[PDB]
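In the authors' numbering, the protein residues as written are 1 to 100.
For every residue, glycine included, the Cβ atom is placed at its ideal position computed from N, Cα and C.
Everything on this sheet refers to the single structure shown next.
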Amino acid sequence: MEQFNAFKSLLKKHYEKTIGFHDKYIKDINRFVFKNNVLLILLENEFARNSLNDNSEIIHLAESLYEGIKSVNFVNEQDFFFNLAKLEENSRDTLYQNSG
């Protein structure tokens, strides 16, 4: 819900000047997930990924929306896929209700 808007908008303040970069790759993706103290985000561009991982620390800000992020990383559509593929046969086996 507001989460993405919270963590993401947080970046804005950070990259409130690195426009060109945005208009470059980060543009407007749509593949990112959280569910292991870690966060993964789509990023095939070799360069964009080079620099980003060379010195980014997306935790330096994302450590406000959550208790305390552990880290952040970006990869390619294929690699990223391997991250969610890890899950075996089981998955959302949890069964709750908005009225416990």
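* **the region 18 to 25 touching the region 55 to 68, judged by at least three CB pairs closer than 8 angstroms** => no
* For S51, name the three-state secondary structure that DSSP assigns. => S51: helix per DSSP, three-state reduction.
* Asked: Span of the beta strand (DSSP E) holding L39?
  -> 38 to 42
* Which residues bound the alpha helix (DSSP H) around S71? -> That residue, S71, is in no alpha helix (DSSP H); its beta strand (DSSP E) goes 71 to 75.
* Asked: Under 8 angstroms between the Cβ atoms of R31 and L42?
  -> yes
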